[PDB]
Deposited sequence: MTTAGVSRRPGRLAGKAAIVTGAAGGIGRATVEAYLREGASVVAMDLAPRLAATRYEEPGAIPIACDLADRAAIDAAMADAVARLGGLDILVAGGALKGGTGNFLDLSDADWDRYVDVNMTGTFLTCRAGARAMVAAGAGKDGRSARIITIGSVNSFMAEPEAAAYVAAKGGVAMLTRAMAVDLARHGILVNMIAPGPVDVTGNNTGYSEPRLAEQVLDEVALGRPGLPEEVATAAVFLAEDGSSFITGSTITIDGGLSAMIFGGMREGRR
């Protein structure tokens, strides 16, 4: 197994990409803590056995859950910070303080708090480099409409990732971001089925479809394995060509 004997924590582990990451990590031989909200963990089944469920809430709760997790693993080699709120609010003109605060607090500050706690535990455990992997978005670089808080926080996560890579290189830790495009988490191909939205996926994604969580999780394996030892401060974009293309609606097969 490519991750044989490594200790990993995956946050947002009841969500689409987080769940798929837990499963891929278990198949590749890692010992894995799956962290998410207690009720969400309660309602998840993993396709692979061995996951250690640990409830958490994206500051005291994060430190508690992380200490708990590291205690149970006896170390920490890989952290995947996948806890995240994804959603739009409306136009910027009408964006409330409460929606701004929730996205910034949960996506940005939550990622900061998890990663600091994890980096500290990796150094305490003797960090072969340890690995921190952040889940950003194509929205870390280009903005969707009517989601300014989510978008801003994703830019914050992208730069937080680069800053961490710079500061933790001396401590034996590599840090990188995965930037997914549209991903269908429903499990029954009903994500992106609204007609206007489906048309726009066909126009804007060169592969003409949303991704599956498993197509994202594979990058999480790649960035955690021993062979990725010169990769840090970088982004792996997994978006079917979305960020590579302009005027995709004009292409042969679409127009």
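Residues of the deposited sequence with no modelled C-alpha atom fall in the ranges 1-10, 69-70, 140-143.
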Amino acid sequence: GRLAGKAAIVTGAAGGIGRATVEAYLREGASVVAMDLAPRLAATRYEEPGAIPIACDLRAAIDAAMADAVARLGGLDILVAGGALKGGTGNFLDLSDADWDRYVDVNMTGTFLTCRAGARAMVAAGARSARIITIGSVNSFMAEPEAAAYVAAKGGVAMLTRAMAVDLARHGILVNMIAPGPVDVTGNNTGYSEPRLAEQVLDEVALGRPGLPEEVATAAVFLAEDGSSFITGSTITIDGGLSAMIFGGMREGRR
From here on, numbers count along this sequence of modelled residues.
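Mean CA temperature factor is higher for 73-81 when stretches 144-152 and 73-81 are set side by side in the entry.
Set 111-119 against 179-187 and average the Cα temperature factors; 179-187 ends up higher.
Listed residues 203, 63, 214, 225 were ranked by CA B-factor as deposited; 63 comes out on top.
Looking only at 9, 20, 242, 14, the residue with the top Cα B factor in the deposited structure is 14.
Among the modelled residues of its chain, residue 1 has a C-alpha B-factor that falls in the middle third according to the deposited record. Among the modelled residues of its chain, residue 136 has a C-alpha B-factor that falls in the lowest third according to the deposited record. Ranked against the other modelled residues of its chain, the C-alpha B-factor of residue 98 as given in the entry falls in the middle third.
When the modelled residues of the chain are ordered by C-alpha B-factor, residue 127 sits in the highest third. In the PDB entry, a CA B factor belonging to the highest third of its chain's modelled residues is recorded for residue 86.
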